[PDB]
Each structure stands twice: as C-alpha cells, then as structure tokens.
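Here the structure is laid out as structure tokens; the discussion comes afterwards.
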Amino acid sequence: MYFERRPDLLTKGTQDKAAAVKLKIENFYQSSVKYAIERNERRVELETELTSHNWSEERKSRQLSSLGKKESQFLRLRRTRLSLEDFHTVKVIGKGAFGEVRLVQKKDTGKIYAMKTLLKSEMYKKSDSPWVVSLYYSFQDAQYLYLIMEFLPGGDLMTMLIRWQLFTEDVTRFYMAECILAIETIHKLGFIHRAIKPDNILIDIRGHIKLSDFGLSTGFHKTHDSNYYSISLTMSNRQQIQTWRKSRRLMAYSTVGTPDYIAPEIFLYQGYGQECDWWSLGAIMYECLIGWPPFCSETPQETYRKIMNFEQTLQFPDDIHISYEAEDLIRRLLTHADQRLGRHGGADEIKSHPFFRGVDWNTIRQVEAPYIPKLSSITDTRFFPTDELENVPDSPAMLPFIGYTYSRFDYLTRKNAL
Amino acid sequence: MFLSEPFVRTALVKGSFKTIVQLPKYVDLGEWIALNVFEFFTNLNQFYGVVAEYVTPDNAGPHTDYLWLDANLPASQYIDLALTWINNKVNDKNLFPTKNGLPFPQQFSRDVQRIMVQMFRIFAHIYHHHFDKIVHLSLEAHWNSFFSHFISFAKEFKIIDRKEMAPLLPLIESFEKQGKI
Amino acid sequence: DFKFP
Ligand SMILES: Nc1ncnc2c1ncn2[C@@H]1O[C@H](COP(=O)(O)OP(=O)(O)NP(=O)(O)O)[C@@H](O)[C@H]1O
C-alpha cells in the first residue's frame, strides 16, 4: 500500500493533540530507558560491594533484599497521586498577595509540614543546607500551586521585632551573624536572593535563624517611580510606631513588597550583583538597633526617594544605644554598591569587621540563642499573627495530579527525611 | 484494515524490550506490574483522547465483537465505558494501594488480567476501526513501538491468553522482529 | 541578659 497523506479537517483539538503525543512518547521511552538503566546500575553497584567484603550468604541476600526493598517503594511512589483531603489544615500562618501559608498535618500519616499556597496565571514569569527552609515536594491542581516545607515554629523576624520592639547590640550581633552565614551560603551556590527582609526570616525550635527561600518566585518588581507633585500632631518616634503599625495591620496580607531593604541599584536598570543582599542586611541591622528601617516613610514612593538620595537621608536618632562599631558597620553596608562592604571578594570581608570578634563562626550554630521559642506542642502557632484578613481577589468560584515521576536519587534524600 | 504495508519499519525500537520489560532483579512483581498497568492505561488513554472527537455509533472488529451489551454498545460508548472502568480500578487504593506497606490483594492478579484485557479491547478497537488516519501526522513509529510494548509486557508475565489475540494474531507475528519470543 | 561576644 505505497500511499501518502495530508492535513485539512482535523479540527485543531485533534491536530495539536498529536504534537502533544509525539512529545509524550519520546520523553517517555527516553526515560523508561534511563530508569531501567540506573535500576540496573545501582543493583550491580551493591553486588560489587557485597562480594568485596567476604560476607555470609545470609548477609548478602538481606542486603540484596534491602536494595530491592527500596527499589519497589520507588515505583510505588510514582504511582502515588495526592491532593488536599490528603492534608488536613491546622491553622493559617501568613498571607502574601499571591496566597497564604499553612501549618498542615498529612491525614495519610500526620506530620508537621508547611503549606505554601500560590496562584498560577498570576505569577507570570512567562541543596540541603542548614540555613534555608527545606522544600520536599510540590503538587499542582486546576488553579493554585502547592509546596511542602518544614514548619518553623519560631515565627518570623518581623514578628519578633514587634514583640521586643528593640534588640540589643548582642541579640542583634547574633541574628546578624546568622544572616551572614545564610546569605554567604546562598551566594556560594551562585544565586542572589534579592529579597532579604524581616518577615522573610525564620526561627527554628532552638531559637536559631534560617532563610526561607532564594528569590526565585516570591513576588513582583517596583514601578521604577511615579509622580504626585496645617497643625502638626506628632511626637516623631511615635510617628513611625504609628505608620509602621499601618504597614502590617493593612499591609502584611495583600502586601506590596515594601522597598525598605531594597538596595538602590535595583530601581535603576538591571545592573546588580551578589553585593545586592548585604545592603538589606545593613538595612535590617539598622532596623533592630534603632526601631525602624533606615528609610521608613509615610508611603513607599517617599521611601524610594530616600534610598535614591541615601547619602543625605541616612540619619541615626538621638536614642544612643549604638557603639562606634555598630554605627560604622551599618554605614559601610548602606553605601554605594561597588564600594559596599562585602562587595570585594567579600561575604566574609564582613566577618572581619570589629563589630564581631564573633564566635569561631563554627560554634555559632551550637549556641544558646537570645530567645528559644517556648513551645507547647508540635502545632503551636503561638508565634504567628494568627489573626485573619483573607482578601485575595482571585475567587474563581465553584488524588488528581500524580505528584511525581521523579528520579531515584531524590527518592532516597526525601525518604531519608520525609 | 490492511495494516501490513511497507511501513513495518517501526522507529524508536532501537533495542529489544528485554531491557525495560523484564522484571528487574529483586522487585515486587506487584509494583513492577501495577506501575506498568498505570503506565499503559495512562498512555493508551491519550490515544483514544486524540480520537474521541470522531467516535460515533458505527462497536468492534470483524468475526468477533466486544459487546458491552452482555449483562445488566456502539464504538464511542463502550470505550468511554471500559476506559473509565480502568481509571477507577487503577486509582483504587485497594487493588493499587499507593500507601507504603500495603500488600497486594488476592484479587490483585485477577483484576490485572481484567484491566489488561479491556485495554486490549480498546487497543484493538483502535487497530481495526480507527487505525486508518494514523499515518496522517507521522505517528506510526510511535504506535508501532507502543503496541510492540503492550504485548511484550503482557506476554512476559502472561496476563492475557493466546486465544484472545485472534483479532490481531496476524499482526503480532508481523512485529515479531522486536517481539521478545 | 543574653551576651554574644
Ligand atoms: N516555612 C515556614 N514556616 C512557618 N511560617 C512560614 C514559613 N514560610 C512562611 N511563613 C509565614 O509566612 C511569612 C512569609 O510569607 P511569604 O511566603 O514570604 O509571603 P510572600 O508575599 O510570598 N513573600 P513576602 O510576603 O514578601 O514575605 C512569614 O513571615 C511567616 O509568618
């Protein structure tokens, strides 16, 4: 039947549904081969080591069964599909603009995970280190996107800074040094976080600090500018404890991503570098020592203006509390990018400032932290502003989605904790 | 139809299936099967899904038909029936427990054949009725290999018997150059 | 209270 063929009247729901199948089948068999090819590979890896130690035949056929014990569980995994109702919600924890964050127990077993809820079609964009929150796996549905992370009961640094309103130079030295070491590590993996800020900073069971993210898919960008162009009633330290209070009671949820802690050269063109995140550190350091961030303003545009003319907008109040090495550090972190501390082969050029003489930077993780969260269970939301606002103008109103066809390697690591 | 043209060159078969279909060493046969059964169905159902648009009254192939009228159907009917039947037998956490250490039922190997055969029912329903327009968009190397896979597994572990292949018994032997005797 | 040198 030496024949031929042509398009014309396959109604574009069965035209491009063939472009999909061709893609599906190639990636399929390409991978069915890879899978089997490593299935084989690691099997013969253990069998070259069971006869590399002169072991008993009872022993090898326990190790060998332990191997396939694993192997079987893997294929059991990919077969798994889950959604909600495989999770039970405990309490709501936070809200960004895109979606909230949830303390979750998995009905299936029952653990403490962190659920981050997000929104496809609204985020356009069209590993394993002590210092950053652990992401395990993720699964999708029709409208939102779901991520599974360990839950940090320490609250956030924003929520800390409220409860204490002011850190000492010793509290702060600790928490700063912690941030350096988190930030250092992120940079060493060739990333810039570009979203360092109080609420983006998290506390574990032992009062220690870790980052939560890396600055890929958190949020938005800045409008690059805009233009607007009487009896006083104020006492001016109160003046911020007044404005700030409006930047959480009506801005934590449905946030904007406040420009404090945003270094200057970002509002300019794309011209920035790893140094970008050290500014925000100095921003932060300032905040906990003084009582607000350096450029805190009535409105965020005003804040833009200050950062841009920062050389005359940075001033330390007359509430003394700040040594000659504290004040120096913030200043050498809150300057021009190519000049800033931690720019020149830095990130430990910071550690050598005389505001530390710090711990060996080794034992730092083993040390009594200024506040160990006093916890009452494994589901203690006590450290969270568990008040509820719940206004997300998405409202689309009224076991799908196989969560993984992963690789073996991620199966081990995620099994070695889950 | 006349499905033995000079096209039996079946690309994407550059091996012989004894490397991805043989049970891997030290692997629960249930897992090794309950995966592929999931796998097979999930891909088969993208095949009738690129064709479901056009399936309308005129059942099954010649000399032997799959009556869905058998106890208390046209082409599109008993496909969206048997197809949907599979989906549910496979997402059943009883026969197909996604939970970690649940053992496979006694029903398990039985339902395996059941799910297997009804797939072939929809496998074959595609190979006699709607197999014509396949050659339009250059997907023969695909369905050739994929069929060359569905049998191979079913033969290696013998969840289908010899007599049920009469609807395609001549085409099986056509592909016994990548067929794992 | 706390002290971190
Ligand atoms: N792993 C976590 N464990 C506990 N609480 C968390 C965790 N991740 C986030 N949160 C809470 O949610 C806040 C951070 O939410 P986040 O996901 O950063 O919102 P966002 O709008 O996407 N980015 P941003 O709001 O600018 O921080 C923290 O201040 C906590 O209150």
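All positions are counted from 1 along the displayed chain.
Backbone N, Cα and C define each Cβ position, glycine as well.
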Swiss-Prot has A:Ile93, A:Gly94, A:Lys95, A:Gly96, A:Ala97, A:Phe98, A:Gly99, A:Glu100, A:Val101 down as binding ATP; which of A:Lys70, A:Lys116, A:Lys120 does it also list for that site?
A:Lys116
List every residue in the same chain as A:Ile93 (ATP binding site), at least 6 positions away in sequence, whose Cβ is under 8 Å from its Cβ.
A:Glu100, A:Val101, A:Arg102, A:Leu103, A:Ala114, A:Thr381, A:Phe384, A:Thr386
A:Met398 and A:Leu399 flank 22 unmodelled residues; Cα separation in Å?
18
Based on a Cβ-to-ligand 1 distance below 6 Å, what subset of the binding-site residues A:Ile93, A:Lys95, A:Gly99, A:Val101 would you report?
A:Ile93, A:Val101
Express as a whole number of angstrom the distance that separates the Cα of A:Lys126 and the Cα of A:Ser127 across the 15-residue gap.
25
I'd like the number of other C-beta atoms within 10 A of the C-beta of A:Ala97 (ATP binding site), please.
16
What's the straight-line C-alpha distance in angstrom from A:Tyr229 to A:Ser230, 36 residues unmodelled between?
18
